[PDB]
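What follows is the residue order along each chain.
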Amino acid sequence: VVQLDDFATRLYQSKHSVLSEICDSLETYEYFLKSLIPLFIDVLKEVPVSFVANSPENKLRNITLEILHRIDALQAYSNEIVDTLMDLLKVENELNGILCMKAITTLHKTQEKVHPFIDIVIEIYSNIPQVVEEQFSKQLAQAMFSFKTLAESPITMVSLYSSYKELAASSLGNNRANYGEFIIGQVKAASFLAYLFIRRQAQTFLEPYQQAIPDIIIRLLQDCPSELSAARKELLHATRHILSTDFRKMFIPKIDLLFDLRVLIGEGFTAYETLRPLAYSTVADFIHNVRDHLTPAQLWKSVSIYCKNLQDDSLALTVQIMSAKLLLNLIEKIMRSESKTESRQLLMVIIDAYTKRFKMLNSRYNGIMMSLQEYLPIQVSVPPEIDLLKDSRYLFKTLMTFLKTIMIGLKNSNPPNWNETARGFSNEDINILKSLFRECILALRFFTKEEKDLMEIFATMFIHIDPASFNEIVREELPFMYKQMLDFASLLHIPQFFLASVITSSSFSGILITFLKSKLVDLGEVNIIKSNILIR
Amino acid sequence: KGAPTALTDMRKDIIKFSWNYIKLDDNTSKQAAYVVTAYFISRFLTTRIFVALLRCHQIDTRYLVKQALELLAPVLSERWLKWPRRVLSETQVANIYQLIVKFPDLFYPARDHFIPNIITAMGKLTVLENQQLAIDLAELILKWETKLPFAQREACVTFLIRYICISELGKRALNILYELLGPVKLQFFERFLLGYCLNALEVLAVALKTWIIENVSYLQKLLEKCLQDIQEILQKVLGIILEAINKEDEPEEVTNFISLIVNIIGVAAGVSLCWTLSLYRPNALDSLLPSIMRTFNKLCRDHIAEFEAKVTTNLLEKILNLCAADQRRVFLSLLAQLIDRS
């Protein structure tokens, strides 16, 4: 066509004349493709090696990538791509092998050369150990992705485990910029371990002759330099996928001992921003899924670090409710331990940790009726677009649901009709119940069957708890509840249920009738809404 | 941003603080010195900042880079755009360039030939949350059409019609497609669910903003293969059909075929079609005779109690009562039964 007339006339100067004509023709068929394939064989013949130059050899790769960017078509192309990837492969040659592997990925998307390329990748991985001893590798990252893509595209039954033995024999041991470039090759190994992660947990098993498989991961979370943030994001997603299948999860209660899976892995501030809601969710479900092999030193270290995310208003919202649901489903190991009072002294930390989240919910209510950080110039992320009123109703609805199941587990943890309704509370422990009654009353200001449903969940938590120590909580919080009951008449349902045919009717009605005899003199003088409530 | 009149000797070594923090190693406090140097350049050598702001970056600094360019561009023309054009020869790294040829386009209409190739790349990016950015790029093609003002512009509208056919924001894009057509389509409507009805909705919109009579004969074959959303599409179709009737024998056959479709309904869509038919045509009393029998069964079901259909049938009975003025006895009896109802 017209692209062949402009290029045959244009067949540093003529390389710029050919590449600009090819880029314009690509901006603009098969006969021009086969003619350019003959021109590509002449272009690849002259100076196939690079030695990283500022000369037309890089422009020769630019016109070759221009042929790759445009589109025996595939047979002569794959023979030329394997020939260019033959010379200068397992050394620091150029980035032309990345364009060659991308062209090989485009050719394989449409068979014996793939077995030769996998053999070329295995020897380059074998020669990677000698190159690592030389510095005692960017093509290894490109060959890791391309090989996996080709395997997914076609068939991989016997040669997949054959290269996996070469992948089992891959790199496992170990100036500042050259050490970081060697760490960039180690960063390529983490992307290469993602190919080891995707094969090990997708569908089926493989050659299971491997026992140091957790040792090649817990090491690599530690010595991974925190410069490249996406290198650790895929390495966290490497462990996110491996800790989902059951046969690989049991390897982790070995020499890790669930002890090196804390937040000394999220080092840099560039990883401190958004990699923490990922680095917390992989360890929240993993701790829930095991629920075994846990010494109570670990059970304290897991119940401490996962309520210092609940009381942290810098993470997110939906990762605060994930960190609350963990402590709910962790009660089946904490309650079912021995009655050494460690089943009670652990459950009161969690009830404290839900008390100190209802407190922060009540600070922002009058602010709805340091919250201005959007006027700050250098915004560091996408600003949140969610409102405050709907999700605070959503958080309080969910946290009251989780709270009743913990307080049922308080009923069984009684110290020596014992262990049924009666329990001994210390004075250090009744002070955190009085701030649970005070904040649950106060967080119903965010208001009717929807809020009257929570008043069932709030009162039923306080029925089954020790009516010698229930006459103390409701006595101190009755002058406080009457003050909230003036501006909100819906809170009148709470004392209505506390005496509605229950085990507290014989004691709450005597406490209430002592209270209202004091306000009997102050009935003739108040206005309507205080006198309406008082006769109710 | 707040005190430019503080001093000027401290302005000399802002660069001794800010440009020193360009050479960091992370990806967030390295970028944060690109933004604090963009407030200082935008007050009063500035080539090396904005040639590296649009360079190849990862998807980590999406909101971080975009705020550093938008505060830099009004002083850039004060101090040309070959470096934005040079990076087009080398996808995901285009959207940073695209958003600075999106907002401050008072000077962007200089070399719009690459903008047409970017419009060709816009459809390639259209093939996700970036579809809203692609619709912004589709609005940018209307903006570049509003900035520059060929045959590729009609081809760009064809890709934009196919983008609307691939599908809110598209309704605003279809309104932008209607404004672009005013400033193969029948074969595209013959080739093509609800988007095909939306494609038929845009076809009548392109027909508005004789030859319309023979096209209505082709559209009568199109309406025969078609006759809620179909009622809404036919309501726009009858407005295009009655506009040509407002100014021959082909219009009598299309009225008889819809009356046969009204006989096929006798369900509520035919009453909606008859209301659009009686909206701009005088004589429909022959179909209104069996329609009064259908509305009598509709009023019997309405009196026994589809509130929108009964209100439309009451509007159909309101239109039929004005047309009837010999079933006036049965119509007034059902009206009194409706008056006696709740």
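Structure determination for this entry, per the PDB record, employed cryo-EM and reached 3.8 Å resolution.

Under the annotation held in the PDB entry, chain B carries the name Transcription-associated protein and is attributed to Komagataella phaffii.

The name given to chain A in the PDB entry is Transcription-associated protein, and the organism recorded there is Komagataella phaffii.

1. Considering the overall build of chain B
Scanning chain B from terminus to terminus reveals 21 helices and zero strands. A compact globule built from 342 residues should have a C-alpha radius of gyration of about 20 Å, whereas chain B, at 30 Å, is more than 25% larger.

2. Notes on the overall build of chain A
What chain A contains, in helices and strands, is 30 helices and zero strands. Computed over the C-alpha atoms, the radius of gyration of chain A is 34 Å, more than 25% above the 24 Å expected from 2.2 N^0.38 for a compact globule of 536 residues. By its C-alpha atoms, chain A is 110 × 50 × 45 Å across when sized along the principal axes.

3. What about unusual backbone geometry?
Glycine aside, residues mostly have negative phi, and peptide bonds are mostly found in the trans state. Residues and elements named next belong to chain A. Look at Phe51: it is not a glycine, yet its phi comes out positive at around 60°. Structurally, the position occupied by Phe51 is in the loop between α3 (30-45) and α4 (56-70). Not every positive phi belongs to a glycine, and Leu258 is a case in point at roughly 55°. Within the secondary structure, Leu258 is located in the loop between α13 (246-249) and α14 (269-272).

4. Topic: the interface of chain A and chain B
The partner chain B presents twelve residues to the eleven residues of chain A that form the contact. Classifying every residue of the side of chain A that touches chain B by side-chain character gives six nonpolar, three polar and two charged.

5. Some details on the pattern of salt bridges
When the shortest N-O distance is used, the salt bridge between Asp223 of chain A and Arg219 of chain A registers 3.6 Å. The residue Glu70 of chain B makes a salt bridge to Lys66 of chain B at a minimum N-O spacing of 4.0 Å. Taken together, the residues span about one helical turn, with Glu70 of chain B and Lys66 of chain B both in helix α5 (residues 62-70) at a distance of four residues.

6. Description of the packing of aromatic side chains
What characterises a pair of aromatic rings is the spacing of the ring centres plus the angle enclosed by the ring planes. Residues and elements named next belong to chain A. Taken together, a centroid distance of 5.2 Å and an interplanar angle of 70° make the contact between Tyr365 and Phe446 edge-to-face. Seen in terms of ring centroids, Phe470 and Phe498 are 5.3 Å apart; in terms of plane orientation they differ by 35°. Their pairing is tilted. One end of the pair, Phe470, is in the loop between α25 (449-463) and α26 (473-476); the other, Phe498, is in helix α28 (residues 493-498), and 28 residues separate them in sequence. An aromatic cluster of at least three residues, connected via ring pairs, comprises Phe437, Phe458, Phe462, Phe470, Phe498 and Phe508. The ring of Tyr272 carries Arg276 above its face, with NZ or CZ at 4.3 Å from the centroid.

7. Side note on the packing of helix α27 (residues 478-487) of chain A against helix α30 (residues 528-535) of chain A
All names here are of chain A. In contact at an axis separation of 9 Å, α27 and α30 are set at 120° when each is read in the N-to-C sense. Classified by the angle between their axes, α27 and α30 sit oblique to one another. The interaxial crossing formed by α27 with α30 has right-handed handedness. Residues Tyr482, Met485 and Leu486 of α27 pack against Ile529, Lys530, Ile533 and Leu534 of α30. Here the residues of the contact of α27 with α30 sort into six nonpolar, no polar and one charged.

8. Quick notes on the packing of helix α10 (residues 176-201) of chain A against helix α12 (residues 229-242) of chain A
Residue and element names in this part refer to chain A. It is at 9 Å that the axes of α10 and α12 come closest, and there the two elements cross at 15°. By the angle between their axes, α10 is roughly parallel relative to α12. Here α10 and α12 pass one another in a crossing that is left-handed. When α10 is examined against α12, the residues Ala190, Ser191, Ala194, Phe197 and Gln201 are found in contact with a partner set consisting of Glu234, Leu235, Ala238, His241 and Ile242. Here the contact of α10 with α12 is built from residues that sort into six nonpolar, three polar and one charged.

9. Here we look at the side chain of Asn414 of chain A
All names here are of chain A. Among the secondary structure elements, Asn414 is positioned in the loop between α22 (389-408) and α23 (427-430). Among the polar contacts listed, one links the side chain of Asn414 to the side chain of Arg423, at a separation of 3.0 Å. Those residues in contact with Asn414 that sit more than four places away from it in its chain are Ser339, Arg344, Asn419, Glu420, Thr421, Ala422 and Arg423.

10. Details of α3 of chain A
Look at α3 of chain A: 22 Å from first C-alpha to last across 16 residues, which is about the 22 Å you get at 1.5 Å a residue. Directly beyond the C-terminal end of α3 of chain A, a positive phi value near 55° is found at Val47 of chain A.

11. Looking at the environment of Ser392 of chain A
Residues and elements named next belong to chain A. Within the secondary structure, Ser392 is located in helix α22. It is 19 Å that separates the C-alpha atoms of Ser392 and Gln373, two residues lying 19 residues apart in sequence. Setting aside residues up to four positions removed in sequence, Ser392 forms contacts with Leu361 and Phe446.

What counts as what
Every chain's residues are listed with numbers counted from 1 in the order the sequence is written; these need not match the entry, and residues without coordinates are not shown. In the order they appear in the text, chains get letters beginning with A and ligands get numbers beginning with 1. As shown, the structure covers only some chains of a larger assembly, and all values describe those chains. Remark: hydrogens and water are excluded; side-chain values derive from all non-hydrogen atoms of the structure. Residues with missing side-chain atoms are left out of burial classes, side-chain pairs and their counts. Secondary structure follows DSSP: runs of H or I at least 4 residues long count as helices, runs of E at least 2 residues long count as strands, and numbering of each begins at the N terminus. With C-alpha atoms as the basis for the radius of gyration, the globule rule is written as 2.2 Å multiplied by the number of residues raised to the power 0.38. Whether two residues are in contact is decided by their heavy atoms, any of which lying within 4.5 Å being enough. Each residue receives one of three labels: charged for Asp, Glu, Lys and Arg, nonpolar for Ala, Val, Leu, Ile, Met, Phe, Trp, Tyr, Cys and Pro, and polar for the others, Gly being one of them. The term salt bridge refers to a pairing of a side-chain nitrogen on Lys or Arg with a carboxyl oxygen on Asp or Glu at a separation within 4 Å. Any two of the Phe, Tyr and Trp rings considered here, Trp counted by its six-membered ring, make a pair once their centres fall within 6.5 Å; the pair's planes then place it as stacked at under 30 degrees, edge-to-face at over 60, or tilted in between. Here, over-ring charges are defined by two tests on the NZ atom of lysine or the CZ atom of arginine: distance to the ring centre within 6 Å, and angle to the ring normal within 35 degrees. An axis is simply a line fitted to the C-alpha atoms; with a helix, the fit covers only the stretch in contact. Between two such axes, the angle follows the N-to-C directions and lies from 0 to 180 degrees. Here the word oblique covers every angle except those under 35 degrees (roughly parallel), over 145 (roughly antiparallel) and from 65 to 115 (roughly perpendicular). Here a crossing is called left-handed whenever its near helix is offset anticlockwise from the far helix by less than a right angle, and right-handed whenever the offset is clockwise. A 3.5 Å cut-off defines polar contacts: any pair of N or O atoms within that distance qualifies, except that in protein one atom must be a possible hydrogen donor and the other a possible acceptor, and neighbouring residues in sequence count only when both atoms are side-chain atoms. Each residue after the first adds 1.5 Å to the expected span of a helix.

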